[PDB]
Number of protein chains: 2
Amino acid sequence: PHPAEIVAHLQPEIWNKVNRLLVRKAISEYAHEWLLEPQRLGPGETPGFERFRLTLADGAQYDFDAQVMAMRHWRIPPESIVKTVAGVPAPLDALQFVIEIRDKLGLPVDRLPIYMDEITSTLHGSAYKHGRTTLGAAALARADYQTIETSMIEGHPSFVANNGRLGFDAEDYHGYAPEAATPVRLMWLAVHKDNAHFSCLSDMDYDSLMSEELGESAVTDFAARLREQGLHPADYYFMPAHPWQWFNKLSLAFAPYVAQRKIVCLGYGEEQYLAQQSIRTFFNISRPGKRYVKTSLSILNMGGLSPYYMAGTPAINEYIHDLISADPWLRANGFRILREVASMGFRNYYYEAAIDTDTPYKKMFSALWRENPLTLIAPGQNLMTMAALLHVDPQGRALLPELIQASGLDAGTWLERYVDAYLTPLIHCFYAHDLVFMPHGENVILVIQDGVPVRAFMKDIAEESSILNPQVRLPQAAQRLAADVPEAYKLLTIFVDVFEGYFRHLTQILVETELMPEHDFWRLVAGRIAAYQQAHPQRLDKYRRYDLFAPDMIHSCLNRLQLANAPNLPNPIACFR
Amino acid sequence: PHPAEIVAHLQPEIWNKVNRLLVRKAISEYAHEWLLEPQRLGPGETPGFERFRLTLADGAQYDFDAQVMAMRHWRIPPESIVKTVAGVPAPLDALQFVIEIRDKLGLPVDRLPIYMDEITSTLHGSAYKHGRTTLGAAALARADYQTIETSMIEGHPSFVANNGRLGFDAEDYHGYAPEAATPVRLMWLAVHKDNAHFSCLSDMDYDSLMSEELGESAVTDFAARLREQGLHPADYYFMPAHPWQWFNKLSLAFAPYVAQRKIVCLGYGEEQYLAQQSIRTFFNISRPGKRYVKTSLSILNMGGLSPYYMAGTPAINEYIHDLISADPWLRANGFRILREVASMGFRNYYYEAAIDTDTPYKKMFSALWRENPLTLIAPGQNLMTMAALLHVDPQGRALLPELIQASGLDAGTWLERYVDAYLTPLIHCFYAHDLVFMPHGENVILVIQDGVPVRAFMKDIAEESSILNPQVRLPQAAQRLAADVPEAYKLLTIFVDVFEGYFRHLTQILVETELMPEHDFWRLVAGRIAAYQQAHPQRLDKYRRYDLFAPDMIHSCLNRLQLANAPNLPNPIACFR
Ligand SMILES: Nc1ncnc2c1ncn2[C@H]1O[C@H](CO)[C@@H](O)[C@H]1O
Ligand SMILES: Nc1ncnc2c1ncn2[C@H]1O[C@H](CO)[C@@H](O)[C@H]1O
C-alpha cells in the first residue's frame with residue numbers, strides 16, 4: 001500500500017470547500033454563544049439578509065450575510081463569507097480563523113494546540129466525507145438504516161470541533177472511522193474474574209447471552225483455547241474489545257494484566273460489524289437481529305466506558321423499560337428505549353488505587369450489548385438516525401425535503417407526526433415520570449413508514465438518563481438514576497437538548513429548503529405541547545411549576561463548555577402560551 | 001498475524017524478573033535523590049551489606065540489603081528485596097511500588113497515570129529485551145558496532161521511567177523500537193520552500209548532499225514524480241521522515257499542508273536503516289559510509305526536533321569541529337565530534353502563530369544528517385556506545401569484565417586508557433575552550449582496538465553544546481552556542497553528567513564484578529585529572545577558580561526533575577587534592 005494513499009482525500013479544492021463550511025459553522029456557533037459579536041454593516045449580498053463584520057486578530061476581517069433567527073441563531077450562507085487581511089482577499093481557512101480568535105476563545109496556551117488539532121481532524125474527516133462516493137439527498141432519504149448511518153456528514157450540529165477522532169492514526173482512520181464504512185471484527189479477550197464483572201437483565205444470564213452472541217462452537221473453542229494454554233476457563237469471562245483499544249491501550253497500559261494472564265487475547269471474532277456514528281458502538285452486519293456491541297475506546301472526541309456504571313447498567317435499563325411498558329400513554333404512542341441488556345467491566349486496580357476520583361483511566365476496558373431495533377419494527381418500516389433530518393449532501397441538497405416528498409404529506413402534517421413521535425413522549429416522560437434522556441440526533445432513531453415518522457427509539461440510556469425525583473423507589477442496583485436538581489434545571493432537556501440543541505438547526509434547514517417558515521414551526525410545536533397538556537389535564541400543577549411557555553430559558557453554551565474542558569435566551573414558544 | 005503475538009513477550013516469569021529489577025532501580029535512585037529515606041535495620045542477608053527498611057503506603061514494607069557508596073549511591077542486590085503487605089509476602093511489582101509512593105513522588109493526580117504508563121511501558125520493553133534471543137556478555141563484548149547498539153537493555157541508568165516510547169502502539173513497537181532491530185526505510189516527502197529550509201556545512205550544498213544520500217536516479221525519480229502530478233520540483237526540497245511520524249502526525253495534524261500540497265508524500269526510500277538507541281536516529285545498513293539520519297518523532301520518552309535550531313545546526317557544528325581540529329592537544333588525543341553536517345526544517349506557521357513560546361508543536365517536522373564514524377576509524381578498530389560499559393545481559397553477566405579480559409590489560413590500565421579517551425578531553429574542552437557537551441553513555445562512542453579504548457567520538461552537538469563564555473567570537477549563524485552561566489554551574493558537565501550521571505553507575509559494576517574497588521577508581525580518576533593539570537600548568541588560574549577537587553558538588557536530581565516535568569554531594573575525588 002503506497003503511504004500517500006491514506007491522505008489521497010486531502011486535495012486543494014475539496015479542502016477549500018470544507019474549510020469554508022467550517023468557518024461558517026464556527027462564525028455561527030461562536031456568535032450564538034456570545035464569543036463573537038458581529039457588527040452590522042448594512043444590507044446583505046443576498047436580499048433579505050443583512051451584512052455583518054468581524055474585526056479580528058489585528059488585520060483579519062470577515063464580512064458575511066446573516067439572518068438572526070430565534071434563540072440568537074445566526075443563519076449564514078457559506079458563499080457569502082468574505083475574508084480580507086488588511087484589505088487583501090484571503091482564502092477561508094478554519095484552523096487560521098480559530099487562531100485569529102484565540103484570545104476570544106480563552107484557551108490556556110497548551111490546550112490551544114490540542115483544540116487546533118481537533119479542528120484539523122474535523123476538517124480532515126470532512127474532506128474525506130465530501131470526497132467519498134456517496135448517495136445524494138434523494139437516494140439517501142430512501143436508503144436502508146445502515147447506509148444512512150454511515151453516510152452522515154455533519155456530526156454534532158452545535159460543536160465546531162465535533163469530529164476529532166484524535167488517537168486514530170491515518171491507517172486507523174480508514175479502518176475504524178464510521179464514515180469509511182469498513183467492516184470491523186471485534187477482538188475477543190478472556191478476562192479474569194479477579195478483575196472482570198458481568199451484569200445483565202434479570203431474565204437472562206451470561207451463558208444465554210454468549211450462546212446467542214457467539215454460539216456454542218465459538219464459546220467451546222474459546223474455553224478450549226484457554227485450557228490448551230494451561231489456563232482455567234472457570235476463572236474467565238469472554239469480553240469483546242475494539243481492535244484499536246487492544247493494540248493501543250490494553251496490550252500496553254494493561255501490560256501487567258496481560259503478563260499475569262488476567263487478560264488473554266483470543267483473537268478476532270468471525271462476525272463483521274460496522275461502526276455507528278458513536279464510533280465505539282458496532283452493528284452486526286453478518287447476522288440478523290444480533291445486539292449492538294458498545295466497547296471502550298480511548299480517543300479524544302469532544303470529551304471511554306466505565307465498569308462502575310457497567311455494574312448497574314442493565315438494572316437501570318430494566319427499570320426504565322418496565323416503567324415505559326406499564327404506562328398506557330407511552331404504550332399507545334410507541335416510544336421505546338433500546339435496552340442495554342448486559343454489560344461487562346474489567347477493573348484496573350492500579351489506576352483505581354492511584355486515583356480516588358472520576359477519571360478516563362478507570363474507563364478503558366468495558367463492553368455492553370444493546371437491543372437491535374430492526375427486530376422491533378414491521379415489514380414496510382425502516383429506521384433512520386434522527387441526525388438524518390439535518391443532513392445535507394456534498395452537492396448542498398438537504399435530505400429532509402426529499403423525505404417529506406416521499407411521504408406524500410405536506411410539511412405541516414409530516415412535522416406534526418415527527419413532533420408527536422419525538423418531542424411529545426419526552427415531555428410526557430418528564431411530566432409523568434420526571435424521566436429525562438439525552439435526546440439528540442445521534443441518540444434518537446426514528447421508525448419510518450413509507451417516508452412518515454411513526455415513532456422513536458431512544459438509545460444511550462444508563463449513562464444519560466435521570467429520574468428528577470429523589471423520592472422515586474428504585475431497585476438497589478439502579479439507585480444512581482435518581483437526581484436532585486435545581487428548579488431552573490428540570491426542563492433543560494427540552495430547552496437545552498431539544499430546542500437549542502437540535503430544533504435550532506432543524507428550522508435553519510426548514511427555512512433554507514422553504515419547507516416551512518420558522519414561526520410556523522414554533523407554532524406547530526407549541527400546539528403539540530398544548531394538545532398534550534389538554535389531554536392530560538390533571539398535571540396542571542406541574543405544567544405551571546415547570547412552564548414550557550416561560551418567556552425565556554437557560555442557555556447552555558456547548559462550545560464554551562468544550563473550550564473550558566450566558567444570559568437567558570427568549571423561548572421560541574412563549575408567544576403561544 | 002494473530003493479534004496476541006504482539007505481546008507474546010509478556011509472560012508471568014519474565015514479568016516478575018523485570019519488575020524485581022525495576023523495583024531495585026526505583027528504590028536505589030529515589031533514595032539517592034532523597035525521595036526515599038531507608039531506615040537501617042541491622043546486618044544484611046549478604047555479608048558486607050546492611051539491611052534497610054522502607055515503610056510505605058500504610059501497610060507496604062520493603063526490606064533490602066544496601067551498601068551506600070560515594071555520591072549517596074545505594075547499591076542494592078535485586079534478590080535481597082523483600083516486600084510484605086501487613087506481614088504478608090507479596091511479589092515485587094514496580095507499578096505498584098510507584099503507587100505506594102505516590103504521595104512522596106509529588107505528582108498532580110493527572111500527571112500520575114501518565115508516569116504510571118511510562119513505568120509500564122518501561123517494563124513492557126524490559127520484558128521484551130530480556131526475553132529476546134540475544135548475545136551474552138562475552139559474545140557482545142566482541143560484537144560489531146550495530147549488534148552492540150541494538151542489544152543494549154538498560155537505557156538511561158538514572159531515570160527510572162527511562163523507556164516509555166508512549167505513542168508507539170503494540171505493532172509500532174515491533175517495527176520501530178531500537179531493541180526489535182527491525183530494518184526501517186525512511187519516508188520521503190517533498191516539502192515546499194514556502195515552509196521548508198535547509199542548512200549545511202560551508203563546503204557542501206543541498207544538491208551534493210542528495211547526490212550522496214539518494215543518488216541521481218532516486219532524486220531524478222522524485223522530481224519526475226512531482227512534475228508528473230502537476231507540481232514544480234523547483235518549489236520543493238526532499239525531506240526524510242520517520243514513517244511513524246508521517247502516519248501519526250504529519251498526514252493528520254499537518255493536513256492543511258498536505259491538502260495544499262505544501263507536503264507531498266513520495267513514499268519509502270530504497271535503503272534500509274536501523275533505529276539507534278535514540279529511537280529517532282537511523283544508521284544505514286544497506287550501504288557503506290552513509291550518514292545517519294535523525295528525524296523528528298513525537299513520542300513521549302522522558303521529555304521531537306526543532307527547525308529553529310535546524311537553521312544554525314551545521315554552523316554550530318562547523319565551528320566546534322574547526323576548533324577541535326586546530327587544537328594540538330585535542331589533535332594528539334584523537335577526541336572528535338561527529339558533525340551534524342546538514343539539517344532541514346518544515347515550519348508550521350499555524351502553531352507558530354498560535355504559540356509565541358517554546359513548544360514541542362514547533363518541532364514536529366525536521367531532519368538532520370550526521371557523520372558516520374565507521375568512515376573515521378581504521379581496520380582492526382571497532383566502535384561501541386559508551387552505554388555498553390554498563391551493560392548487564394539477561395543472565396546477569398556484565399559486559400565490562402569481558403571487554404577488559406579481551407584487551408589483555410589489567411583493569412587499572414584499561415580504565416586509565418578509558419578515562420584519558422573520555423574524561424580528559426572533556427576537561428580540556430572545558431579549561432581551554434569553556435566548551436561543554438552532554439557526555440552520557442548514549443552520546444559517546446568509543447573507538448576500541450582489540451578490547452582497548454583508544455579514543456572517543458561525541459555526538460548530539462548543536463542541541464547539547466555550549467561555550468561558557470559570552471565573549472567568544474562566533475560566526476553569525478552559531479551565536480546561540482555562547483552561554484552566560486553562574487559560577488557554581490560551570491563544572492556541572494563533569495560533576496553532574498560524568499561523575500553522578502555515569503561514573504556512579506560504572507563503579508557499581510566495577511564493584512559487583514570485583515574488577516576494582518571504588519576508592520581505587522576515584523584515585524585513578526583524580527590522578528588522570530591531576531596529570532592533565534600538570535601537563536597544562538598555565539591554566540592554574542582556572543583550575544583554582546573551577547576546582548574539580550572541591551569538597552562537595554551540586555547534585556541534580558534527574559528523577560525529581562522528570563517528576564516535576566538537594567544538598568550538595570561530597571566530591572569523590574576531594575580527598576585526592
Ligand atoms: N448527530 C449527532 N448528534 C449528537 N452527537 C453526535 C452526532 N454525531 C456524532 N455524535 C457524537 O457521538 C458521540 C457522543 O457520545 C461522539 O462520537 C460525537 O461525535
Ligand atoms: N544509555 C543511555 N544514556 C543516556 N540516554 C539514553 C541511553 N539510552 C537511551 N537514552 C535516551 O536517548 C534519548 C535521549 O535523547 C531518549 O530516547 C532516551 O531513552
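Both counts, for ligands and for their atoms, begin at 1 and track the order of listing. Every chain is numbered from 1 and lettered A, B, ... according to where its sequence line falls, protein lines coming before strand lines. Computed over heavy atoms, backbone and side chain alike; hydrogens, waters and symmetry mates excluded.
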Exercise. Provide the full list of side-chain hydrogen bond (donor to acceptor under 3.5 Å, both in side chains) pairs with a residue in residues 151-168 of chain A, sequence neighbours left out, each pair given once.
Key: A:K25-A:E154, A:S158-A:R504, A:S158-A:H505, A:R165-A:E179
Got a salt bridge between [X] and [Y], using NZ or NE/NH1/NH2 to carboxylate O under 4.0 Å?
X	Y	answer
B:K363	B:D358	yes
A:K459	A:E442	yes
A:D169	B:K249	no

Quiz item: Who are the salt bridge (charged side-chain N to carboxylate O under 4.0 Å, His left out) partners of B:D172, not counting sequence neighbours?
Solution: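 Not a single residue meets the salt bridge (charged side-chain N to carboxylate O under 4.0 Å, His left out) criterion with B:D172.
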Practice problem: Could you please provide the protein residues found below 4.0 Å of ligand 1 on a heavy-atom basis, arranged by chain and number? | Solution: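 Lining ligand 1 at under 4.0 Å, by heavy atoms, one finds A:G155, A:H156, A:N162, A:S278, A:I279, A:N301, A:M302, A:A387, A:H440, A:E442.
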Exercise. Applying side-chain contact (heavy atoms from CB on, under 4.5 Å), name anything that partners B:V498, two or more places apart in sequence or on another chain.
Key: B:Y422, B:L423, B:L426, B:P439, B:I494, B:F503
